[PDB]
Every structure is written in structure tokens, then in C-alpha cells.
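Tertiary structure, described
Read off the chains here:
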Amino acid sequence: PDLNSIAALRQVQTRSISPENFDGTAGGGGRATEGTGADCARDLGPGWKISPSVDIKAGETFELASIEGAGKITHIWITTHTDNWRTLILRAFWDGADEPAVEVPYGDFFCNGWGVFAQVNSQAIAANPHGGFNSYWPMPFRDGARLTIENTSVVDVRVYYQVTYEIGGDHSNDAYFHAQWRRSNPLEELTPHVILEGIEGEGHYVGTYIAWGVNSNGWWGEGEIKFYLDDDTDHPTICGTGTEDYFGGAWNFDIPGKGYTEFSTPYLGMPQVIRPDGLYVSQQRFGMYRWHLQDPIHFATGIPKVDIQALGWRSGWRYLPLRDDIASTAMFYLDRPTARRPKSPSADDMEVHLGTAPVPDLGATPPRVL
Amino acid sequence: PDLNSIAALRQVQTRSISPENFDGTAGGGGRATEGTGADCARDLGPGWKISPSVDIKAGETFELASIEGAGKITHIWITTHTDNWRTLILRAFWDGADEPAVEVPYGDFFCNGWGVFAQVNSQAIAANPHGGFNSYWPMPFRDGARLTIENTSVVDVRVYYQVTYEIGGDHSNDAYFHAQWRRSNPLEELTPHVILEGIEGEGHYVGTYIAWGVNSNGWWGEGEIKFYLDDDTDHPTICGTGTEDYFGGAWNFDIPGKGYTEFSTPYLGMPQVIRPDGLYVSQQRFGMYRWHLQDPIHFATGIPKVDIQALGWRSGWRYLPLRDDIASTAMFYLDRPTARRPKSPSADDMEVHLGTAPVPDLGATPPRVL
Amino acid sequence: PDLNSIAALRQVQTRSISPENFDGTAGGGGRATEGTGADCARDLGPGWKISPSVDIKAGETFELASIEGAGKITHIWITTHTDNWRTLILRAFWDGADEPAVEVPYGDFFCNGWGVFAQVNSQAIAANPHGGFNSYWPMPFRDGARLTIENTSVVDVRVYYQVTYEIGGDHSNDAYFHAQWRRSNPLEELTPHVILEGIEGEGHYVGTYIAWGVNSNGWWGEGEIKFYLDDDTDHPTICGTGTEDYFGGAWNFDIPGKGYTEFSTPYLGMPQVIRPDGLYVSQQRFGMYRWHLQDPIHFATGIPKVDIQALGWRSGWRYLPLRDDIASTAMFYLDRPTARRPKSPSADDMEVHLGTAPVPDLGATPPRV
Amino acid sequence: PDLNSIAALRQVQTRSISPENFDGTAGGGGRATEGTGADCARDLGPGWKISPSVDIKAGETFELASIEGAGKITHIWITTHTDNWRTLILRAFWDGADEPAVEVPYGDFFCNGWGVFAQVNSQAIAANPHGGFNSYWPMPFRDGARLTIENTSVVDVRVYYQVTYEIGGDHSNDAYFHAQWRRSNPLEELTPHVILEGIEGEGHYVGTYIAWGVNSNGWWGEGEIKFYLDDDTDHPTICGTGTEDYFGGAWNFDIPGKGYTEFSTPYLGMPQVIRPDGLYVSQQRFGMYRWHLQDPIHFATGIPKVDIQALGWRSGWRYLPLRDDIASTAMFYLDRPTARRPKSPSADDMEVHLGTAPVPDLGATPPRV
């Protein structure tokens, strides 16, 4: 429900999967006698926070949640240290499918793909101090749900999480939640950055998060977003007017006398502006989201292409093709649990620089000395 | 309705009770010739802000709103000076019930339990400069409604209010809105702070505001929330992983280089961080809220217990049971107009220090000096 | 002697026990070839700071001093790191007794019960940069003395110390030095904090140090101190008028426009004000001492009770009973080497949070991790 | 006793007189059911700070302490709001005498004659935040003692106090404590300010506190102190070399690059420097004390005169006789309970401006409007 409909009596059950209730059973929480907090509770009884988190060994995948039957995820809360935001891969599989519908680097799913905490005050995503990541995207499913997180790094990783969902609804006409990630670094000359390609089915596009690192001086966001829907081949159905325009800003996000200004509204934001520090943090980077909740982009047959140009300015008032560092996360609902995906994100494609030192390992927490 | 459904035509009437229209009648507003504004308008006349507020004498209860028939409150606005935020009790009675379904200290109901204004940008609660307290919790009723505000303080109190409601909808399947408040100060050793106890009926839990003052050094919010629903006894169905975790945050609310950081999002917030001033304002305090609107916690026959652990840190990585000052406000919808309640809040249990002086009466507005 | 009487020739001997002369014997100092400094002097010979300190293993007790016969301790210097100020227990045993007359956490004995250095300029106690702890309380004894320090913590600790004493002169009529510790956290509703209880004998009360952490807003120091002496039962002989009053301050220690002001005088002080930093050091705390040296509180048959009220302010000009964090150290002289004392301090009720980080182990030196 | 002698056992009783124990009797404290704190304790039970203070109505005198028999006051603690430091007169009468031995404005007794708080860390006098006034001057008597506070102001005042004393000692060769006050505003030209005059008996001079407000530019402390003792007539036995000199400073109290510097040591101090604010607080004022404790100034048959010159500088390296505002408090011990005194201080001669506003009533707490 929502504020408007919260009062209606509904025959629904609410369940919640955490490290204190791995399977989310009724009456099954807080029973652990082993866990990451056991030694901490050694002078207290059982039931005093024995199992708040899990450790995922380097290279391994952990099953956050396994649900049987029909249901709908209504709220995901999760945290881990910033160092892992671009080493963990978050995946969701609906209805027993062998391929995931959601396959995203952890940080980007919460508009935090740079490993530097940015506050996000939106409706679908809340990202709160410090690295408290919340997803309210409804994720309904008809015949099972699997959520996993893969630690592609060389170090062991600690993760806290809480997956809340509903049982007892009819999801026969609910679509499946999908999310996909692509990174161009550096984008090829005069080539749009692909956001989505080759999606088949009925559904609607509902979200874009972009992490953009700029390699040219001047304004970098002239490029237009383009939605090729259904029958479209060589020209899109929805064509935009700029990068900041798409994300609801205008005129370079530039408030006279203040510069680039972070903002974060229910459907539109640029929650992140990273400014170089004159030493080893040398890349100017941006994070921007737009949710199409009141204005979804429906498609009856498919989405052949969603892409966005990367244009700035050069002398003589000419557009400048940008060789920039662009990562997109596209959110969409579909009447199937799988669709064409890009190649799985590798450790190497995902990597951003860890700290503020000259070497990632020197600014990791704690530093890595080998 | 909401933004998505606001265009639809509906056979519904809107009414609003205020000191300028005490009973809400149509054509009934602005007729006062006596009131708190009458002398202010002695050179004007009737119709020029004659009756904007009410004066509630010390000890006495004022009936904000009496409504007959079926209806639904859609928006409450109310204000009063900060000195009264923890001396007034807000109450709501549905369907002619002898007992209140809402029984809350005034400030807590708007996430402001400490008497120090804090901005709240949430969906259900908006608290604005300076002490503009707004509630958008829908409160449906089938056979009448009464709202009251009790002045438990030794001074007369001024209150402005605007209670907006609808007539003409079907509430036979709408739950009733409830809210309950409990404070433990200091929390007993090894004792979860009880948020909600013994609720019988069908319904769903939708909101927590906690006012927390900390009596140990170090981090204070390791403790987990536990929801015992339906048949639960010894173990909860939903077990949390931490106090900041439950409220959408992570890692102590601690942004590196900034410390505790206030935030306020549609469903999650720590709107308030009170820092000691090194003189008479010596208690470090927090206010936190979570609304379970997209993700309500349902129950079919009851809520035996909701509670939250108060755990900090001791040497040797040991949880420290905290003897802290913890006040909780719990919001839930129920299919009955009454339910098991804590003891009624009293002047002594609600009291927080007034102002910044060594004596509450010195810092009151105006100073009492009696 | 003192400044007034220092010129007099006296048939007295001065000795001094330190890690460089463990038994304090004439000509016994500086002989070590092993000790905590030996390797530091590997390129120098012996006699170059070979044994300046001792290491005390986790859990273990170390005998600082053992003196045979009659004497008087005249000055104790001692130091150790911040993290050990509320983990070490200092004890003194007089005349071969099995029960100690002094049983006090290390830091409280030098007005430093919070593990944060505060300068103390008093006559009996001098606490100097950084953690140079000095006691000049004279401690006479007739038939032996033992000083011990117990490491109740889980780590090993370094201690430097120097215990200076005198042999000669009659302690026929010199009382014994006693010191006892009690902490209420949180204090019971509307209940005085006990400072001293059930003491029997002849003597005089000479010292109070209190470490006070406040859990209510407003002014916390209205409570009066009360001395029940000799035949007293339900009412005291000496009844104070406030907490800051007892400690020689007034009007909340609050100098207008500057707030709480630390001071330290020969007999009266508030040497420590700890203000919260708005992050993990969230407790506002105080350190206060009064030495009754020119104005001893005598008793002839005992001290039934010494207590102090914990009172602040509530709405309506009402006292507010304070559920506060109060630790007291009482100093008194007694005509017996033993007295009835509280339950020994444990590691747990002594513990104060270490450092400024979210977990004590993260703020320890070095971090425990 | 003191630190050097604190350990000795002594057949002495300690008593303390306060608003909570008006007569100091054993088992007598904390019994009140009426008092200034009774309404404050209305929600608590008996014994919770019912009687911590006294209200002295405008114009009236209040008897702080009345003691019968032999005894010795060992410590006085007292406080009241700064507005009253120069409207209250503190008096002490020994052995039933009809005239006081101590007759001093309240603030001056504690080196605070200007109504602006100044820390004093001295041996005999401790003045602590904010207005905690402490005297450790021992005051022996042989046949009773009376301590009074006179409120010469037109408003009611609140006082908190604690008078601690001993019984048991033999005071038959203990002198009586005396203190006297004299103000010259403005001092007549080329006329020494009289500190003490015509004292008859055996004793010793033990203290000077001077409150000095300067009405000429340049350095104001050239003038030197003179003690006329015993058979002295036209010339003194002790002749000092300067005003800062007498108070233990040198070269104008002026540290290069810092100006006048406050300091408070066990016997010597300039605890107070008051700098004009450029508006209504326009008088540059100083507070200075010297205790002659280790160096008492002895007399066998009396003190004809103690005085001090007020000399500054004019052009041509000539002394400038100063028309200055000089109040002194002389402490001395005498073998008699009474001595020759100045006129009692009046409200008008004691008055100092209250606050910082144009009119004293506007700067009082609260304003008298």
C-alpha cells in the first residue's frame, strides 16, 4: 500500500529475512546460538544480537534470501563498508529462472556507484548516513525468489541486510522487477552509451541511475537520452534534450555563484558531485537518478534500445564528443523473469579507486600491506 | 487520494474543524464575535481573525474535534509553543469508544519529543518552521470521532489547530488508526524497551518514532527491534539487526569527518541530533522515525510484543546493556477502535527540561520565577 | 616537617622504594643488570636506567612496597597510561594486617577517576603533566607496610613508581591512613550516594574526591553532604547546603559568560570538567575534591554514615531526584589499621569508556582490534 | 592541624553550623520542616534540602553562628550574589565582648571588594567559581563566639553559609583573630592611606587586602607601606619599597607584551584586574592580598600605625601624589578580643556600582525598575 491506501484491511502476511532469521519463518527470529555477534554477547544470555551480519569469503556468493511461493519484496535494507560498494554484485532471480532479472554492482543499485556516500531522499531509494541503503521497489514474484550477493574482491566482506516481503497477494498480473548495468570507460568516439538493449516482452521502463566521470573540461551534459520502443528501428519514440534535462535539472545543474548543486527529489536527483582534491582524488564525478513512477515508459513488445549521447563543447560553439566514464543502471518491469543482459560485471570493470591515497590498498580500511 | 489518483471525480465532501469553525459545519466558519483575536481586531470587526486559537487552562482537557457519523481525517495541522510539547496529551476516540485509540504526548506524535524543533520531511508527518506540526495519517471511523488535547501543566496553554476530514466514503473495511507511547528512564538492566504489548485483532504496524537519550559513551544503537506477531511467544517473526539499521541508517549514523548526520526521507529519518552545550544542556539525544507504509507489518490476530534492545559497547568487544532514556511512539492500524494500552502518560513521565537555564522555570517562555 | 618546621635537625632516615631499588636499602639503588630498560642501554654499561618500571601481567597483583617496622610514607609518585587509570586498584596494608586500609581505583586516588588528565594543584595531591600522580598524605605505621597495585584488566600494564618514607620518631599516637571507594551508576531513585559507612574507632575524616556524571539537564549539584558521627542515628552532626557548596564553589561553578570553571586550590577544587564532543564522548562529567586538613572532621567512636544527595531541578521550582553516575573516594585517619570497607571494586563497575571511538577497544592505545 | 601533622590523634570534636544545623549540635542537622527549600521538596519527603539558606530582610542583622565555651573556627564557607558583596558587613565577637574584633565588608574579607568575581588560590583564603568564599584563618576563642552579617541594603538578601569549628583545644595562649576596613575615596593629597591605627596589646599582623581604583594615568603603585610598631612615633620599623613590591610583584605587575597580569600564590597575590569596558564600566581597579603567615609581623605592646603611600608619576621623573580610591582590609591577631576600630562602614562608603548599565539599579539582578 501507500499513505493513501494504508488504512484498508488486507489479508496479507508480512515476513522478513535477516541474519537473525535466515529463512524468515514465523516465530523463527533471534534463535541463533552461533554467529558474528556470539562472542560479543558472551557475558549476556542467548538472544542478545548473536547473528546481525554475515561474512562472505573472498570470491564467494551468499544467498541473501530464498523464498518459496508467490510474494512481493516490499523493502530491502542492506549495508557494507564503502570499500565493497563496487566489489559486490547484487542479483535477484524470480520464479526459479536460471538467469537473474536483477544484476547490478551493489553501490549503483542505491545511486552510490562511486564508493563515496551520497544522501538519497527519493521515493524508491533511500540512502542514509552512513551507507544505509534502502530499496522500496516492489518486486513481486509468482513461484519463488532468490537474492544473492557475490563478493568478487580478494578480501572477506561483512554484510548486514533485511529483506521484507508480503505473502497472500495475486501477482498473476504483476510484472517482474529487472535491473541491468553497463559501463563505458572510456566511451568510444561519437558512440552513444548503451543503457538497455534487446528487451523482449510487455512492461515499462521505470528507472535510470548514471555515474559519470568527466574527461573533458567545460559542461559535459548536452547529450540526449533516446528510447527506442517496440517497432522502432533507426529512430526513437522518446527523444530527450540533454543529460541534466533528462534528470530534471537544467543549465548544467549550475546555480550562479554556487556551481553544481546536489539535489534529491522524489523522482529526480543529482545526489552526488565529487570534486577533485588537488592530489590523488583527481576525477570529477557525478551521480544522477530519475524514477519514472508517475510517468512510466510503457512498451507492448520490447525495448530495442535505450542509449544516451555524451556531448560537451569545443571552440566555435561545436559539440564535443566525450571520451567519458559512464555507468548506467536501468530499472524496468517485464512480463517475464529474464531478458537480454549485458556481460556480467567483472571485478575489473566495476573497480573504482578505494581511498584518497596514491594506491587503492593504502586507503583501504584497513590498509592492505603485501 | 494521492498524486496518482487525484484526477478522479468522487462523491466526497471536505470539512475542516478549527477555532474559526468549531464544529466544521458548512457555511459555519468565521462568524465569531468573541475569541482570542477579538481585541486584536477591535478597530476592524467580525471576520478579521476573531477566533484563531484556543486557551486551555492548566489541568484541563479541550475537545479539538467532535464529528458524528462516518468519515476520515485526512490532514491535521496543529501548533503550540515548545514549552508545551511534552506537557500536552493528544487523544483520539473512534466510534464512541470510552477508551482512546491514540494516546500520545503532543510533540512525539510529530517526531519532536524533546521540545527542540526538528525539521521532518516525511510522507505521513511534516514538521515545519517553527513547530508547524502536520499529520497526513488517514484516520477512518464508522460511527463518530472525538479528538482531545489535555493540558497536564501548571500554566494555561494556547493552541492553534486545523482538523480536515472527508465524508462520503466506505469505511466498513478501513482499519482504525492507533498510536501508543512508552518511556523508560532509565531503562532497567538487560530489559528490552517495550514499544507495543498485547494488541488483539487484525491490522498492520505502520510506524515508530523513538526519542533516545544516551547515558554511556561510545556507540549506543546496536540493539535489535523484534516484532512478535500472531502466534509468536518466545521468538519474534521479524528480528532486526540494529537500532540505526531499523531506521534506515547504517554504521552509527556516522559520516566520516562529520559525525552523526540528521536526515529525513519519505519513510526513514533521524530528524534530530541534540548535542550537549557543555553547560546545562548536558544530555546527548536523538529522534528517529520509520513509517512502514509501502512495507506494513501485518498481523492476522494480534501483536503480542514489539520491543528494541538497548545495547552499546564495553571493553573487550562486549555489548554493554544501556541504562538509557528511551521513549517510543508506535503507530498501527487495527480492525477494532480500542486495544491494550500502556499506562496513561503523566506530567512527571513526559517532562523534559525547558530551555537552557539551570532550572526549567528560568528558561521557560516567559520565565516563571514562581 | 613543613616549610614552617623544615629547619629543625631531626634524627630521622629517608628511604625510597622504586624499580631501581626494590627494597629501599641504603646503597641498594642502581645495581640492576636486568629490567625493563636493560636492552635500551645495550650500548651503555649497567647503571644507565636499567630498571625504571615494572610490567604487571593481566590479572596479576604486584607489590609496590614492603617495609618492615615503624615508619611514615611521606611522598608517593607513580604513573601509568590513561587506559589503566580505572583498571588498576591501589591498596595499602598497615601493621601486617590482611585487610587493606586503602582500597581505591588508581585514578580516583589522584582526583582522576575519569581517565582524562586534569591538573591538580592541591596540598595533599598533585597531578601533573601528563599523569604524574603525587600523594603527600602522610601514612604512618608501627609494624610494617605493604602497597600493592592489582591489574584487573586483560592487558599487561607498565608502572613507574617512587615510594619515599621515613624511619624514626614515635607513631605511638599517629593514626593510620584509610581510603575507600564507592560508585552508584545509576544511583537509586531518591537515595543518597553512600560515601562511608559503619566505621568504628577514633579518627578524623580528611578527604573527599567525587567523579560525577550527569543524566539530567539543568543544574545537578543541589544535593547536600551529611556527616553522621559518633552517636548519630537518623540525623547528622554536619549537614551541608549543596554539592558545589561542599566543594568550596557556589552558584553552580558557573562564572557568568564562561560557564563551568575548573579551579584547584590547596584544600578545594573542581579540577576536571569533561564536555561532550557531540559524537561518541557523550557524557558530561565532573571531578571535585575537598581536603579537610585545617578543618578535620573528628570522631571519637566512629562514623556511621557519610552520604551526599543527588538533586537537580524540575518544573515548578521542584528538586529533581537525579539518577546520576556518582563515584566517591573518602580519605580518613583511624586509630586502627583496618576498618569496615565496601565490596571491593571490580573491573566492571570501575570501567569507564576508553578513548573517543565508538568502542573502547578502538580507542585504546594501541587499539585492541 | 595541617598536612605535616594531620595524622596525629587528637581529643577534639568537630562541629559545623549551617542553615541545616543552626546551633551546630550533635545529631542536630537536617531536621527542619520549614525553610527556604521546603516548597522545593513538596513532592519529595522530609529531609531533602529543606533549609539550605537564610533570607536576611533589608536593614536587618542575622546571627550566623553563636558558640558557647572555648573553641576555634577552622573553616568558613559562605556565598551570596555579587550585588551584595559591598552591602553586607561581616562581624565576629569573641568572649562575649560588646565590640567586634572583625568588622569587614563581606567581599573584602575574601579579596573581592569590587563585586566582580576573582579567583583566589591562597592558603588562608580561597575564592572559587562563582563566589564560593572560603576562610581558613583559625579563629580561637575562650568564652564564646558570635558571627553576624548585617544587610545594609534596601533589598532582602539570601545567604548560604557553613561555619566549621573545633572544641577541645587549649586556647589560653591563642590570640584572637581581628580584621578591620578603611576606605579613602578620594584620598587627600600627600596623605598616606591608613590601614591600621592605635592597636594596643600583644600580637602579630598577618594580612593585607587592598582594593585600589586609579584616578591618574601611568603607574600608580610607587607608594610604599610602613609598619609603626611598639614605641615607634615619627618613623616606622618596617618600611617597604613600593606597592607592587609589598604584594610580592615587581616592575608594575607588567609582563612585557602582556600588561598587568593576575596571579594568586599561597601568600602573595594580585587576583583581580578590572579593565574599563569603554562605556559605563570606566574605573580601572585592582585587588591585591598579602598574608604574613610564615613571616608574621610581631608587636609586643601595640601597633600605632600601618599605612601606605599613594604615589604615581608626573613629568620630570617627579612623584605624583594620587587622589585615588583605596580600601584596605588588615588582618591581625591580638591577645585581647577588642581593639581600636575605624567608624563602622556605611552603605554609602561601601557602595560600588552594580553591573555595567548607566544606573546601578538597571544592572542589579533583577533590575530595580
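Residues numbered from 1 in each chain as written, not as in the entry; some residues may be left out. Chains lettered and ligands numbered in written order. Part of a larger assembly, values for the part shown. Heavy atoms only, no water.

Going by the header, the method for this PDB entry is X-ray crystallography, and the resolution given is 2.42 Å.

Okay, unusual backbone geometry next. In this model, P129 of chain A is joined to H130 of chain A through a cis peptide bond whose omega is -10 degrees. One can find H130 of chain A in the loop between β8 (125-128) and β9 (132-135). Here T365 of chain C and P366 of chain C are connected by a cis peptide whose omega angle stands at -15 degrees. Here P366 of chain C shows up in the segment after α3 (360-363). A positive phi angle is found at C111 of chain A, which is not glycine, with a value near 55 degrees. Relative to the elements of secondary structure, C111 of chain A occurs in the loop between α1 (106-109) and β7 (120-121). With a relative accessible area of 0%, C111 of chain A lands in the buried category. Notably, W251 of chain D is not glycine yet its phi reads approximately 50 degrees, a positive angle. Looking at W251 of chain D, the relative accessible area reads 74%, which means it is exposed. (Helix = DSSP H or I, 4+ residues; strand = E, 2+ residues; numbered from the N terminus. Buried < 20%, exposed > 50% of the residue type's maximum accessible area, 1.4 Å probe, protein only.)

Our next topic: the relation of the copies chain A and chain B. Expressed as a screw transformation, the operator carrying chain A onto chain B has a rotation angle of 120 degrees and an axial translation of 0.0 Å, and the superposed copies differ by an RMSD of 0.2 Å. Both copies of the chain, as the preceding transformation shows, are related through a three-fold rotation axis. When each C-alpha of chain A is compared by its distance to the rotation axis, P266 of chain A comes out closest, at 4.9 Å. Looking at the interface residues of chain A, only 13% of them are also at the interface in chain B, so each copy uses its own face. (Least-squares fit on C-alpha atoms. Contact = heavy atoms within 4.5 Å.)

The next subject is the sheet that holds strand β14 (residues 193-200) of chain B. All names here are of chain B. Spatially, the four strands line up as an open sheet ordered β14-β24-β16-β17, and their pairing is antiparallel. On the outer flanks of this sheet lie β14 and β17 (238-239), each paired with one strand and no other. Judged from the two bridges that link them, strand β16 (residues 225-228) and β17 form a sheet pairing that is antiparallel. By the bridge assignment, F227 is partnered in β17 with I238. (Pairing = 2+ DSSP bridges.)

Moving on: the sheet that holds strand β24 (residues 302-308) of chain D. Here four strands make up an open sheet; going across it, the order is β14-β24-β16-β17 (chain D) and the pairing antiparallel. Edge positions in the sheet fall to β14 (193-200) and β17 (238-239) of chain D, since each of these pairs with one other strand and no more.

On the side of chain B, 70 residues touch chain A, which itself brings 63 residues to the contact. Between chain A and chain B, roughly 5400 Å² of surface is buried when both sides are summed, and carbon and sulfur atoms account for 57% of that area. At the boundary of chain A with chain B, the tally comes to three salt bridges. Note that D43 of chain A is salt-bridged to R318 of chain B, the shortest N-O span being 3.1 Å. (Buried area = accessible area lost by both parts, 1.4 Å probe. Salt bridge = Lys/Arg side-chain N within 4 Å of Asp/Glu carboxyl O.)

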